[PDB]
Amino acid sequence: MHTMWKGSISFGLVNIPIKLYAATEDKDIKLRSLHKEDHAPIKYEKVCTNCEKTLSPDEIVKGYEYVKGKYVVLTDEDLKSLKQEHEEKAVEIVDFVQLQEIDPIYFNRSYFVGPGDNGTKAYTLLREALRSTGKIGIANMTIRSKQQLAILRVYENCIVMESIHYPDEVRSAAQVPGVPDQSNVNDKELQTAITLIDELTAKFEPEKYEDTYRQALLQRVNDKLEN
Amino acid sequence: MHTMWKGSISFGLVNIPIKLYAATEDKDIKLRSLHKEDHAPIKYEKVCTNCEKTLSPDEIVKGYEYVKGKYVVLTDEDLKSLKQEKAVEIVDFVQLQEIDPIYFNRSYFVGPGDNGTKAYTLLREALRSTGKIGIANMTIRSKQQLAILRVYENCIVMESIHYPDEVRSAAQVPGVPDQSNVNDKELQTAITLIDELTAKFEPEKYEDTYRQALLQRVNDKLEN
Amino acid sequence: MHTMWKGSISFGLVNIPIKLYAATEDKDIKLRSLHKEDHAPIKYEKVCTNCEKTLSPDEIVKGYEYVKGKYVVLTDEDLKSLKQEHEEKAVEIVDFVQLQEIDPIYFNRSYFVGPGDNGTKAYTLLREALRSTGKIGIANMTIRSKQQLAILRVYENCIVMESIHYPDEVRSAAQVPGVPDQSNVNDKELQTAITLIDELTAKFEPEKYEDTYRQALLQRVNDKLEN
Amino acid sequence: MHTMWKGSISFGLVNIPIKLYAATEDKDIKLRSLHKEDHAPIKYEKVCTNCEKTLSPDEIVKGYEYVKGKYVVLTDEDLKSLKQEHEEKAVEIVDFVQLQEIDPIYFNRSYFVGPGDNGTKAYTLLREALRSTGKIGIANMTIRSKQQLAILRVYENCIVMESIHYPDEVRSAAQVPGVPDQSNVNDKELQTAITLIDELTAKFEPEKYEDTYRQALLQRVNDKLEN
DNA sequence: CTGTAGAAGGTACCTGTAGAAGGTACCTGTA
DNA sequence: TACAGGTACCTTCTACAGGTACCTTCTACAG
């Protein structure tokens, strides 16, 4: 695959050089906007709502909307001052917690972690330690000037780094309206449900599920192209 | 807390009325572009790149780019026909460990609907006992996609997932070694290290430092 | 300085990307042999002592002299198989001993260890740990296809990696002929010797000592060059 | 042990007859180049680059390369006048500094110093004075027609004289690229690193480390011989 | 309040490429 | 043992441009 990030997993004296690859790709069809009669691509042009004039990029400033219709203009220098840029590309591990402690509810984006230069032995040691102890590593990571939380876990023979939502962005499963909390299920009905589920149970065949809409749109495009 | 979808989980004769709630919210800081002269928000005008002129939404169409610079225009009629082909239709049940969290894309809590509680708890208990997840097809808003249904705590969680062709293979990751050449003493030392840094998960410990810094700076600027 | 080796310091899970620089340079004067009448450089021509013919580098093979006058030929395959090559450039630390356990008579060559890419925090941690515990690290390294033993220690603000002689190559000071034991030493004579040493004691001035032969040769060369 | 040098440590009125012994030996495997057709050793013939004529040692003169391609020819008389000859083989001590003032990065070669004829009491007095004052003696010495700097120190019951590099041939540890200061060190991380280093700490056992390449080559030679 | 898509700027990492010299490593000779 | 001289080399940095995948942000439409 294509490497998108070069750095190291650092927690104290440990510093394992690693590389990141995107674990998923967006195959959804993107449709360009074209003029009805000219059939040319459409471009976005910035125009002020008050001065009603075209604005160059140097005439645009960023402003945080603090109440409805009122903006505190954050100067560029302020924006760079808020960012705590790091000169060292490191997935700095801040904690190690049991795997069950963090639900896949938190997970946002998945990355494949591969060994870097002169870091295969430490990579294998960390992978085996994580698999044996059955836990994951909570870390802080920056890809391109951002800053987010991540968890490192083990999937098959690879290490997977999943960025996660911050704990205050994840809602509570105990606040869901109407969810029962009493384990008063009947044994006969439960057994019938289990039998039905087992009847519907099959194996996971990834080739069985396909994007039908994508294939249909591609076939329509091919038919219109040939005709 | 706020219902965003109201339908039913359906397979065969089983039809459980359910409601969907977003399991996560985006609290990232969003900034509005403004003019420097008058500090008014800006707006986007769609103009043609071949010849500059403002176009109404009724003056534009959608075209799929098949090669570089060449598009096939999909008329709204055929686009609607393709989009045609409120229930979460379960196709089959697989094991919990058969689908990795790298498949998961979006998370939703599932709550019982009107007169749909007994079936809801029956399905939840069956899924928990059998250790299975239900693969299904569903549409949120004019976009059909694939999802799974699992049990988290005492709730049902529906995770809309990526299609299998959209997920890369862990075997294709460059340079990843095999599980054959790990020393026992080094492994024990590494395990001891990991156990030393092991701590309980404290959700209040981790916070968005950049967002708090930006909010504090905004408050200070407002005071000034 | 000029980096001469790029790799990492590895012991178990710990990996520290580092760079090697030569701590010393040979400033001695080198003289080129020239023809007396032509003043042109000379060339080494390899000629067999028996066939009395000039040999191409593909007509020459290496041989070990197990006994005087007889050689066992070690072909390319044997030498390649004996020389174990590693896929990773690592200073594999095997031991951590006390600093005083290894005498400077073991030391052979000195190298300065600088932080590598994304390897500064771990470098600082290792330096501080070595300085505080008063320990050195025994390791195996290979600069250019020649495996040897080394020790990592702390000098001032830097980490210094010294290659060392193998223990079988170092003689024992207890077997030096004629060296007396800790026999009784006269206190007055020892005090007089101490006062003499203190009288001759001065501070270390690196500029005080210089290679006088090199300066004399350079001055003679310059004098002949001028006139 | 074989005496390789016989002289006296001299400073002012103090003159201590001494003998020098090599403190280390080169046990590396050396392979003789041989002709592949007859398995006879090869020899080097000095031939001129331009004239392409075989040159006897009386037709070869030394030359210093001040610029690339141009050589100032230094005749025998010039080189003899440049070299300083001493009628007495003496290690002439110039001053004494502390043990810690000269780093082992200066050290080049090691020799054991043994008492000479009727020079045991002075040897013991010098050893005791150097040990008690914690000092080393900087000196000028010539082994065989090459004057160099040396330091005299005490190791176990012996005196060790180390030929050392000139100060201009030793690089500065403050110019190592990327080396940081000691200000930013986390205490918890430092304690973790110290605990890890103590975990890998072991007593120095010289019998554990051996030149595996030499043993492998000797085993291969023995296998080829026995067959 | 949430889902959904489109356009736009940017740059990191890989790919394809080459020259120089500084320090490694080895071999002989030679008294 | 000392001591030097010649020889093959190759690694790291210097000097180098093109291209794509992925990040990241911003607005707008729907109900």
Side-chain angles (χ1 to χ4, degrees), chain A residues 1-7 19-22 24-26 28-33 41-46 57 60 62 89 109 111 142-146, chain B residues 1-5 20-22 24-26 28-33 41-46 49 57 60 62 106 108 139-143 145 160, chain C residues 1-6 19-22 24-26 28-33 41-46 57 60 62 89 109 111 142-146, chain D residues 2-5 20-22 25-26 28-33 41-46 57 60 62 109 111 143-146 163:
Chain A
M1 328 156 161
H2 165 248
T3 311
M4 59 155 252
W5 194 83
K6 275 195 320 188
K19 297 162 152 212
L20 264 40
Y21 319 91
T24 39
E25 191 192 345
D26 221 333
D28 282 337
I29 298 290
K30 325 226 172 320
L31 306 170
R32 198 100 152 78
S33 277
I42 305 317
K43 74 164 204 176
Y44 282 175
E45 182 216 347
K46 304 176 167 56
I60 302 290
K62 298 309 190 222
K89 319 241 294 186
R109 278 282 269 113
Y111 303 96
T142 290
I143 307 178
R144 303 267 207 110
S145 93
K146 188 95 145 293
Chain B
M1 177 203 138
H2 166 253
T3 311
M4 59 141 258
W5 192 88
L20 282 184
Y21 316 97
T24 50
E25 64 206 315
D26 198 22
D28 276 341
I29 272 288
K30 287 200 266 85
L31 303 173
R32 188 94 158 89
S33 301
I42 85 189
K43 66 198 216 88
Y44 287 177
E45 310 266 354
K46 304 199 202 179
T49 194
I60 71 193
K62 305 276 268 271
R106 295 287 307 260
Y108 304 89
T139 300
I140 300 269
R141 263 152 135 162
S142 289
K143 197 229 305 176
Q145 52 191 323
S160 98
Chain C
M1 327 152 171
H2 167 241
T3 304
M4 53 135 267
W5 188 86
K6 206 150 42 68
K19 300 190 186 185
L20 283 190
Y21 317 89
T24 51
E25 65 222 290
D26 198 21
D28 298 336
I29 293 287
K30 324 246 163 282
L31 295 187
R32 192 91 158 79
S33 301
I42 62 109
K43 172 165 43 78
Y44 279 178
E45 202 85 359
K46 300 168 163 284
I60 283 172
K62 300 306 172 201
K89 297 190 105 175
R109 309 262 320 245
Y111 303 91
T142 299
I143 300 176
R144 307 259 206 110
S145 74
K146 206 247 277 193
Chain D
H2 168 244
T3 306
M4 57 153 275
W5 191 84
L20 279 188
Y21 312 91
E25 49 209 333
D26 204 355
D28 293 11
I29 280 311
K30 289 190 311 328
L31 300 147
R32 191 92 153 80
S33 48
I42 83 168
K43 66 181 161 84
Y44 284 170
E45 259 182 8
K46 300 170 146 202
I60 279 143
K62 301 284 205 132
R109 299 262 326 227
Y111 306 87
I143 294 169
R144 277 191 229 200
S145 75
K146 179 188 172 182
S163 180

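Within every chain, numbering begins at 1; the chains are lettered A, B, ... in the order of the sequence lines, protein sequences first and strands thereafter.
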Revision key, fill the gap. Between D:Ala22 and D:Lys62, whichever has its closest DNA chain F nucleotide further toward 5' is D:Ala22

Study note, to complete from the structure: Sorted by position of nearest nucleotide on DNA chain F, 5' first, the leading residue of A:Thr24 and B:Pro57 is A:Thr24

Among residues at least two apart in sequence or on other chains, which ones pass side chain to side chain contact (heavy atoms under 4.5 Å, CB included) with [X]?
X        : value
B:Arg141 : none
A:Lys62  : A:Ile60, A:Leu79, B:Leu31, B:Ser33
B:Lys143 : B:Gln145

[Y] side chain reached by [X] side chain, heavy atoms, under 4.5 Å:
X       : Y        : result
C:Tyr44 : D:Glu45  : no
B:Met4  : B:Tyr21  : no
B:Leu20 : B:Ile140 : yes

Looking at [options], which one has an atom nearest to any side-chain atom of [X]?
X        : options               : value
D:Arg109 : F:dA2, F:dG6, F:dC22  : F:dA2
D:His2   : F:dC23, F:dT1, F:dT12 : F:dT1
A:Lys146 : F:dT1, F:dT25, F:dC13 : F:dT25

Point to revise | Distance, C1' atom - from E:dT15 to F:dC16, rounded to whole angstrom | key: 12 Å

Review point. What is the 5' to 3' range of DNA chain E, first to last nucleotide, that sits under 4.0 Å from any heavy atom of chain A?
Key: E:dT2 to E:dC14

Point to revise | Six-ring stacking criterion satisfied by F:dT20 and F:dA21 (under 5.5 Å, under 30°) | key: yes

Take the protein atom [atom1] of [X] and the nucleotide atom [atom2] of [N], then report the distance between them rounded to whole Å.
X        : N      : atom1 : atom2 : value
A:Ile42  : F:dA28 : CD1   : P     : 17 Å
D:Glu25  : F:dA2  : CD    : P     : 12 Å
C:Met1   : F:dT14 : CE    : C1'   : 19 Å
A:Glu45  : F:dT27 : CD    : P     : 15 Å
C:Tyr44  : F:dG5  : OH    : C1'   : 4 Å
C:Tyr21  : F:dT11 : OH    : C1'   : 14 Å
C:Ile29  : F:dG5  : CD1   : P     : 10 Å
D:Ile143 : F:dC3  : CD1   : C1'   : 11 Å

Study note, to complete from the structure: Taken to the nearest 0.5 Å, the spacing of A:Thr24 OG1 from A:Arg109 CZ works out to 4.5 Å

Revision key, fill the gap. The reported gap from OG1 in A:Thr142 to NZ in A:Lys89 (rounded to nearest 0.5 angstrom) is 9.5 Å

**Study point:** Nucleotide pairing, DNA chain E (Watson-Crick or G-U, distances under 3.5 Å), in dot-bracket with [ ] and |
**Key:** ||.||||||||||||.|||||||||||||..

Practice item. Could you check B:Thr139 against A:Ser33 and say which one's nearest nucleotide on DNA chain E is further toward the 5' end? Key: B:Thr139

Revision key, fill the gap. Whichever of D:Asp28 and A:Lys6 has the more 5' nearest nucleotide on DNA chain E, that residue is A:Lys6

Exercise for review: Please check the phosphate of F:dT11 (OP1 and OP2 only) for any side-chain N or O of C:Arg144 closer than 4.0 Å.
Suggested key: no

Review point. Which part of the nucleic acid does A:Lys43 contact within heavy-atom distance under 4.0 Å: base, sugar-phosphate only, or nothing?
Key: sugar-phosphate

Check your understanding: Checking all strands, does B:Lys30 fall into the base, sugar-phosphate, or nothing category for heavy-atom contacts under 4.0 angstrom?
Key -> nothing

**Study point:** Pairing residues for C:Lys30 by the salt bridge (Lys or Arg N to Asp or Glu O under 4.0 Å) criterion, not counting sequence neighbours
**Key:** C:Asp26

**Study point:** Exceeds 12 heavy-atom contacts within 6.0 angstrom, atom NZ of B:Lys46
**Key:** no

